[PDB]
Amino acid sequence: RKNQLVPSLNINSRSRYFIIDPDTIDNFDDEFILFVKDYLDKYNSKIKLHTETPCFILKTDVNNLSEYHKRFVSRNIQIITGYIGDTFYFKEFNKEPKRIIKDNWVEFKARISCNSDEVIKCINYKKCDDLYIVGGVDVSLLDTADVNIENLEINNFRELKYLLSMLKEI
Amino acid sequence: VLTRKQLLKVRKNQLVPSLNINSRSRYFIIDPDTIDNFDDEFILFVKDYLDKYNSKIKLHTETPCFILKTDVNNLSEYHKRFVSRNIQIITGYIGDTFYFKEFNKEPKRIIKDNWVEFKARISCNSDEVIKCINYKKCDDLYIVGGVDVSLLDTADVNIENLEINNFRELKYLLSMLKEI
Amino acid sequence: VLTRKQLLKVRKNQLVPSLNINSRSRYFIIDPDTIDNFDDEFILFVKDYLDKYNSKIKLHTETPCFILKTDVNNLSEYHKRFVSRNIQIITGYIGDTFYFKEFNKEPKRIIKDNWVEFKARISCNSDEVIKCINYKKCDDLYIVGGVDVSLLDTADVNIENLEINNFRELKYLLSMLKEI
Amino acid sequence: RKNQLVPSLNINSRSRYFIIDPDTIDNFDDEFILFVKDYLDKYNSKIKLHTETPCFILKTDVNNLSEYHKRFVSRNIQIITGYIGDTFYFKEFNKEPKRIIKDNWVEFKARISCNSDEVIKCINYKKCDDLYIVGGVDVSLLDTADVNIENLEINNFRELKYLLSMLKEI
Amino acid sequence: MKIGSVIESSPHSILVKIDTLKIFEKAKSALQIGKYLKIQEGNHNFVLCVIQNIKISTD
Amino acid sequence: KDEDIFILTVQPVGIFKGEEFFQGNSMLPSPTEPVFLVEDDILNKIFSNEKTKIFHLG
């Protein structure tokens, strides 16, 4: 499937939404943070040219999101979830980061939340340009008027990096 | 009551020389149980405090700190209530754990847009946050209630023990109200 | 109790006219064994003094000089305590030897960054070498104790002998407080 | 060596840290100040082009730095030790000197300290581009990720000046 | 709208200002010397123009 | 006025679409795009890219 996603992955200003099933990518818990780190240094690294924040949505309960946030904080990566405890806030999730170009500072670089009804409504409110589905997560309840659905079946993150042109060879 | 308000006025006049400085680090060690209706009035007190001492983006630079004698789960409810009021705070907790890097971060300011990422620091009185306080140290340290201020380095730091029983007296002592 | 402060009001009003000049050189010769809790309130008093008379970068263009009646090793601990509070001072000692060209130095100022190098000259020694630095001479010389000013040049120098017991009295006299 | 040290010594903006072990160089006490003086006048002369402060980490006790500080002050050379009495201050040793370009003023021109654990910990925090080892000193406890360690053996300061391109002849 | 508005109009040259950077990147293939654009002269008419120079700057 | 400016004027000579060098004219790279030094292996894949018809001139 590589050299088909390359034309859509060469655009600097493009909104990419990933839907991930944690139980189908092998060691997801111990390699998700590294994958996010090596995605947000190539597809979101330029302050002026990369002006749209990727959004990752995992199929899990709200409790496991805190562990992911804790793992992200230890790696010095700024992400937001929209959940404070067990309550979701629309305004926190649907906000744009503030940029200071002279200091190469961005408030947050990724959006990571759960596959809840409230989050799906937020995704429907602000549509993306490319929607990526990994593990066959339920695409229903999401409007697909203009998004480009790209179904991806993989076994480990090594294939995911190769498909997204992050790895020369697996 | 007249004697009490007279004493409160006398102590209030003792804090106005330091409360008029635009840039100053102020820490409040607060015991919730010594203030009536703390749960239903703390957010309003914080909002009113920042409307006077943290309202000017160019002049007011230092971020106030509030340290409560509560549990980590009770702090989450306060953080929930603050964001619904459209006021930004940092707690230093990403869950049940406390992070040093998320509490000592200096806020970033955009003067043209009149924006600062967070306006105040609110956290519990655990031994982890006391280490953070001793790492920077404040110009003025305010204590309300009978909290045990002994783990943090009190040396070379101004200590102002405020004896109050409601938020009206706290606002009067901090020069926010003229009549109680 | 209510008589000493009324008398101190006269001295405070006498001292007010000379303290309102933004650019003025003031030297302090205070005996440590005359003020209660000197070892725990001295640097806080210095910090408070610099927050009113050496705060504005453009206006206040003169550096205070506090001289104590102690020995050289006791000055080292004060210097250690000052740098912990991010207060930059010079003492003229690079050990047990005094250096004239270091104490008699004009601080460098950067307006765009609010930097004045060292904010005070707090050499805590009434040594014969430090007292031989009448090469400059000050507009106002304040004696805050029973020190023996015999090697100093008092000719054409304003002497403002102060008789106090506490640091609060000193702050009241120097227009830093208004209560006691 | 030499004719291979002339690269990375011709660069104005470069950080050089010296780890000097006394008792290996003849007449170290009466010549170290002069060597520093005639090193700074060649490698720390320009006000805008020389933006890196040399560091001279000697191998001695926490004491005996006061004597060197006094001898440097007597020569109108401004240095910072980081020791006030016997207490090391991390903030006072890792401060960037303030300079004004209209004049020729820099707050300090060199850093001189002992071979303590605290200073070596501070050295790793702000690493250098070149490290010069004179004599035999414990290089351990010092990160060498992007540091070009250059081991130098000498007997007197004339050889050091010759090797550092500060002396055409002996 | 689709590309941008005109800033200067002359009988031999028209200056066109691109809206933002993202539209320019999206239409970077079609924005080259020798290609064609259309300007909505009036409510119904269109003026066909050929690109002669392109300048992008962020100084 | 306060800082120093080092400007470089360059002429595009080719485009790399992945690992293939397509000689011709570039497509107007956007501003604030990073600029890197070229490695020797890439250059040797351009001048010395011949198959059984290579003549080493120098």
# chains A, B, ... in the order shown; residues from 1 in each chain; ligands from 1

$ interface_residues --of "chain A" --to "chain B" --cutoff "8 Å" --atoms "only C-alpha atoms" --output "mmCIF file with N, CA, C and O atoms, in the first residue's frame"
data_model
loop_
_atom_site.group_PDB
_atom_site.id
_atom_site.type_symbol
_atom_site.label_atom_id
_atom_site.label_comp_id
_atom_site.auth_asym_id
_atom_site.auth_seq_id
_atom_site.Cartn_x
_atom_site.Cartn_y
_atom_site.Cartn_z
ATOM 1 N N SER A 66 -5.101 7.686 30.996
ATOM 2 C CA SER A 66 -4.206 8.350 31.937
ATOM 3 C C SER A 66 -2.809 7.742 31.899
ATOM 4 O O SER A 66 -1.812 8.465 32.003
ATOM 5 N N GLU A 67 -2.716 6.417 31.765
ATOM 6 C CA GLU A 67 -1.408 5.776 31.662
ATOM 7 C C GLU A 67 -0.672 6.226 30.406
ATOM 8 O O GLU A 67 0.540 6.478 30.442
ATOM 9 N N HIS A 69 -1.102 9.105 28.861
ATOM 10 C CA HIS A 69 -0.685 10.485 29.094
ATOM 11 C C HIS A 69 0.553 10.544 29.981
ATOM 12 O O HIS A 69 1.467 11.341 29.735
ATOM 13 N N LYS A 70 0.598 9.706 31.021
ATOM 14 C CA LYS A 70 1.768 9.658 31.893
ATOM 15 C C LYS A 70 3.011 9.233 31.123
ATOM 16 O O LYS A 70 4.092 9.801 31.311
ATOM 17 N N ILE A 84 -10.723 15.265 31.871
ATOM 18 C CA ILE A 84 -10.200 15.579 33.194
ATOM 19 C C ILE A 84 -10.837 14.611 34.179
ATOM 20 O O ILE A 84 -11.951 14.840 34.658
ATOM 21 N N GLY A 85 -10.148 13.511 34.465
ATOM 22 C CA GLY A 85 -10.719 12.481 35.308
ATOM 23 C C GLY A 85 -11.590 11.533 34.511
ATOM 24 O O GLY A 85 -11.085 10.636 33.829
#

$ select_by_dssp --residues "region 11-179 of chain C" --states "strand (DSSP E)" --output "list in words"
residues 26, 27, 28, 29, 30, 65, 66, 67, 68, 89, 90, 120, 121, 140, 141, 142, 143, 158 and 159 of chain C

$ closest_residue --among "B:124, B:144, B:176, B:157" --to "chain C" --atoms "only C-alpha atoms"
B:157

$ residues_around --residues "residue 38 (chain E)" --least-positions-apart "5" --cutoff "9 Å" --atoms "only C-alpha atoms" --output "list in words"
residues 46, 47, 48, 49 and 50 of chain E

$ write_last_selection --atoms "N, CA, C and O atoms" --output "PDB file, in the first residue's frame"
ATOM      1  N   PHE E  46     -15.326  36.723 -17.955  1.00  0.00           N
ATOM      2  CA  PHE E  46     -14.073  36.224 -17.410  1.00  0.00           C
ATOM      3  C   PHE E  46     -12.922  36.686 -18.288  1.00  0.00           C
ATOM      4  O   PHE E  46     -13.031  36.689 -19.517  1.00  0.00           O
ATOM      5  N   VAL E  47     -11.820  37.072 -17.652  1.00  0.00           N
ATOM      6  CA  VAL E  47     -10.606  37.484 -18.346  1.00  0.00           C
ATOM      7  C   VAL E  47      -9.575  36.379 -18.170  1.00  0.00           C
ATOM      8  O   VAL E  47      -9.204  36.038 -17.040  1.00  0.00           O
ATOM      9  N   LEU E  48      -9.113  35.819 -19.286  1.00  0.00           N
ATOM     10  CA  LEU E  48      -8.129  34.747 -19.265  1.00  0.00           C
ATOM     11  C   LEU E  48      -6.728  35.345 -19.279  1.00  0.00           C
ATOM     12  O   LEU E  48      -6.408  36.171 -20.140  1.00  0.00           O
ATOM     13  N   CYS E  49      -5.900  34.927 -18.325  1.00  0.00           N
ATOM     14  CA  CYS E  49      -4.566  35.480 -18.156  1.00  0.00           C
ATOM     15  C   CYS E  49      -3.535  34.363 -18.133  1.00  0.00           C
ATOM     16  O   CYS E  49      -3.832  33.227 -17.754  1.00  0.00           O
ATOM     17  N   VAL E  50      -2.314  34.701 -18.541  1.00  0.00           N
ATOM     18  CA  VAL E  50      -1.192  33.769 -18.561  1.00  0.00           C
ATOM     19  C   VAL E  50      -0.176  34.218 -17.517  1.00  0.00           C
ATOM     20  O   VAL E  50       0.121  35.413 -17.400  1.00  0.00           O
TER      21      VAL E  50
END

$ residues_around --residues "residue 127 (chain B)" --least-positions-apart "4" --cutoff "10 Å" --atoms "only C-alpha atoms" --output "ChimeraX atom specification"
/B:131-132,151-152

$ residues_around --residues "region 55-61 of chain C" --least-positions-apart "3" --cutoff "7 Å" --atoms "only C-alpha atoms" --output "PyMOL selection string"
chain C and resi 22-23+50-52+111+114

$ write_last_selection --atoms "N, CA and C atoms" --output "PDB file, in the first residue's frame"
ATOM      1  N   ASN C  22      15.765  60.096  43.370  1.00  0.00           N
ATOM      2  CA  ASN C  22      15.961  58.804  42.719  1.00  0.00           C
ATOM      3  C   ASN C  22      17.436  58.426  42.654  1.00  0.00           C
ATOM      4  N   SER C  23      18.300  59.376  42.313  1.00  0.00           N
ATOM      5  CA  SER C  23      19.735  59.134  42.181  1.00  0.00           C
ATOM      6  C   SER C  23      20.435  59.754  43.385  1.00  0.00           C
ATOM      7  N   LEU C  50      16.136  47.229  48.510  1.00  0.00           N
ATOM      8  CA  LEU C  50      16.397  47.274  47.077  1.00  0.00           C
ATOM      9  C   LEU C  50      15.119  47.233  46.251  1.00  0.00           C
ATOM     10  N   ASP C  51      13.990  46.861  46.853  1.00  0.00           N
ATOM     11  CA  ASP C  51      12.720  46.845  46.139  1.00  0.00           C
ATOM     12  C   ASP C  51      12.051  48.211  46.089  1.00  0.00           C
ATOM     13  N   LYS C  52      12.594  49.208  46.784  1.00  0.00           N
ATOM     14  CA  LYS C  52      12.031  50.550  46.785  1.00  0.00           C
ATOM     15  C   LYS C  52      13.004  51.628  46.335  1.00  0.00           C
ATOM     16  N   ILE C 111      19.594  48.287  29.754  1.00  0.00           N
ATOM     17  CA  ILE C 111      18.210  48.727  29.901  1.00  0.00           C
ATOM     18  C   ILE C 111      17.251  47.693  29.324  1.00  0.00           C
ATOM     19  N   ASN C 114      17.001  44.694  31.971  1.00  0.00           N
ATOM     20  CA  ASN C 114      16.863  44.967  33.402  1.00  0.00           C
ATOM     21  C   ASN C 114      17.950  44.246  34.204  1.00  0.00           C
TER      22      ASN C 114
END

$ closest_atom_pairs --of "chain A" --to "chain F" --cutoff "12 Å" --atoms "only C-alpha atoms" --output "tab-separated table"
residue	atom	partner	partner_atom	distance
A:2	CA	F:18	CA	11.8
A:3	CA	F:18	CA	9.8
A:6	CA	F:18	CA	9.5
A:7	CA	F:17	CA	10.6
A:10	CA	F:17	CA	10.3
A:11	CA	F:30	CA	11.5
A:12	CA	F:30	CA	9.9
A:13	CA	F:30	CA	11.8
A:45	CA	F:34	CA	10.6
A:46	CA	F:33	CA	8.0
A:47	CA	F:32	CA	9.0
A:48	CA	F:32	CA	7.3
A:49	CA	F:32	CA	7.7
A:50	CA	F:33	CA	10.7
A:101	CA	F:32	CA	10.7
A:165	CA	F:18	CA	9.7
A:166	CA	F:18	CA	11.9
A:168	CA	F:18	CA	10.2

$ residues_around --residues "residue 27 (chain A)" --least-positions-apart "5" --cutoff "12 Å" --atoms "only C-alpha atoms" --output "JSON, numbers by chain"
{"A": [21, 22, 32, 33, 34, 35, 155, 156, 157, 158]}

$ residues_around --residues "residue 154 (chain B)" --least-positions-apart "3" --cutoff "12 Å" --atoms "only C-alpha atoms" --output "list in words"
residues 130, 133, 134, 137, 138, 139, 140, 141, 142, 143, 148, 149, 150, 151, 157, 158, 159 and 160 of chain B; 40 of chain C

$ atom_distance --atom1 "CA of residue 60 (chain D)" --atom2 "CA of residue 107 (chain D)"
25.2 Å

$ select_by_dssp --residues "chain A" --states "helix (DSSP H, G or I)" --output "VMD selection string"
chain A and resid 6 to 9 22 to 24 32 to 39 63 to 74 90 to 93 101 to 103 117 to 125 157 to 163

$ write_last_selection --atoms "C-alpha atoms" --output "PDB file, in the first residue's frame"
ATOM      1  CA  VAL A   6       2.766   8.818  -0.630  1.00  0.00           C
ATOM      2  CA  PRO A   7       0.911  11.480  -2.701  1.00  0.00           C
ATOM      3  CA  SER A   8      -1.354  12.169   0.286  1.00  0.00           C
ATOM      4  CA  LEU A   9       1.577  12.053   2.742  1.00  0.00           C
ATOM      5  CA  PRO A  22      -4.754  -1.493  20.582  1.00  0.00           C
ATOM      6  CA  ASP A  23      -5.289  -5.275  20.586  1.00  0.00           C
ATOM      7  CA  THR A  24      -4.244  -5.888  16.952  1.00  0.00           C
ATOM      8  CA  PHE A  32       2.766   3.410  20.828  1.00  0.00           C
ATOM      9  CA  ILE A  33       4.714   6.285  22.396  1.00  0.00           C
ATOM     10  CA  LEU A  34       7.769   5.634  20.218  1.00  0.00           C
ATOM     11  CA  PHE A  35       5.565   5.479  17.111  1.00  0.00           C
ATOM     12  CA  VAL A  36       3.949   8.805  18.022  1.00  0.00           C
ATOM     13  CA  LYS A  37       7.408  10.270  18.648  1.00  0.00           C
ATOM     14  CA  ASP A  38       8.676   9.153  15.229  1.00  0.00           C
ATOM     15  CA  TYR A  39       5.477  10.373  13.548  1.00  0.00           C
ATOM     16  CA  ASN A  63      -9.086   4.828  32.583  1.00  0.00           C
ATOM     17  CA  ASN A  64      -6.282   3.567  30.325  1.00  0.00           C
ATOM     18  CA  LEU A  65      -5.861   7.028  28.766  1.00  0.00           C
ATOM     19  CA  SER A  66      -4.206   8.350  31.937  1.00  0.00           C
ATOM     20  CA  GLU A  67      -1.408   5.776  31.662  1.00  0.00           C
ATOM     21  CA  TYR A  68      -0.773   6.822  28.055  1.00  0.00           C
ATOM     22  CA  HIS A  69      -0.685  10.485  29.094  1.00  0.00           C
ATOM     23  CA  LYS A  70       1.768   9.658  31.893  1.00  0.00           C
ATOM     24  CA  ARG A  71       4.009   7.788  29.449  1.00  0.00           C
ATOM     25  CA  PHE A  72       3.859  10.730  27.030  1.00  0.00           C
ATOM     26  CA  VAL A  73       4.769  13.284  29.714  1.00  0.00           C
ATOM     27  CA  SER A  74       7.925  11.360  30.645  1.00  0.00           C
ATOM     28  CA  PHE A  90     -15.815  19.881  24.123  1.00  0.00           C
ATOM     29  CA  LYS A  91     -13.889  23.163  24.288  1.00  0.00           C
ATOM     30  CA  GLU A  92     -10.639  21.569  25.485  1.00  0.00           C
ATOM     31  CA  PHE A  93     -10.631  18.945  22.722  1.00  0.00           C
ATOM     32  CA  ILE A 101       7.312  31.039  15.519  1.00  0.00           C
ATOM     33  CA  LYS A 102      10.318  32.914  16.928  1.00  0.00           C
ATOM     34  CA  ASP A 103      10.688  30.266  19.665  1.00  0.00           C
ATOM     35  CA  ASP A 117     -19.696   8.927  21.599  1.00  0.00           C
ATOM     36  CA  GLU A 118     -18.682  12.410  22.764  1.00  0.00           C
ATOM     37  CA  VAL A 119     -15.328  12.256  20.952  1.00  0.00           C
ATOM     38  CA  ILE A 120     -16.939  11.003  17.730  1.00  0.00           C
ATOM     39  CA  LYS A 121     -19.251  14.026  17.801  1.00  0.00           C
ATOM     40  CA  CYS A 122     -16.195  16.283  18.108  1.00  0.00           C
ATOM     41  CA  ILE A 123     -14.576  14.540  15.132  1.00  0.00           C
ATOM     42  CA  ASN A 124     -17.783  15.031  13.139  1.00  0.00           C
ATOM     43  CA  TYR A 125     -17.823  18.724  14.096  1.00  0.00           C
ATOM     44  CA  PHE A 157       4.210  -0.999  14.282  1.00  0.00           C
ATOM     45  CA  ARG A 158       7.103  -1.860  11.948  1.00  0.00           C
ATOM     46  CA  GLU A 159       4.666  -2.288   9.056  1.00  0.00           C
ATOM     47  CA  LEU A 160       2.801   0.867  10.110  1.00  0.00           C
ATOM     48  CA  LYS A 161       5.995   2.922   9.852  1.00  0.00           C
ATOM     49  CA  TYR A 162       6.832   1.373   6.472  1.00  0.00           C
ATOM     50  CA  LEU A 163       3.371   2.137   5.067  1.00  0.00           C
TER      51      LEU A 163
END

$ interface_residues --of "chain E" --to "chain F" --cutoff "9 Å" --atoms "only C-alpha atoms" --output "PDB file with C-alpha atoms, in the first residue's frame"
ATOM      1  CA  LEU E  21       0.122  29.230   1.920  1.00  0.00           C
ATOM      2  CA  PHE E  24      -0.661  27.818  -2.933  1.00  0.00           C
ATOM      3  CA  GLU E  25       0.754  24.431  -1.915  1.00  0.00           C
ATOM      4  CA  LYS E  28       1.432  24.530  -6.797  1.00  0.00           C
ATOM      5  CA  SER E  29       1.288  22.286  -9.875  1.00  0.00           C
ATOM      6  CA  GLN E  32       3.737  27.899 -13.133  1.00  0.00           C
ATOM      7  CA  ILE E  54       5.652  34.182  -9.181  1.00  0.00           C
ATOM      8  CA  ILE E  56       6.642  34.071  -2.479  1.00  0.00           C
ATOM      9  CA  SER E  57       8.388  35.607   0.526  1.00  0.00           C
ATOM     10  CA  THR E  58       8.286  35.362   4.326  1.00  0.00           C
TER      11      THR E  58
END
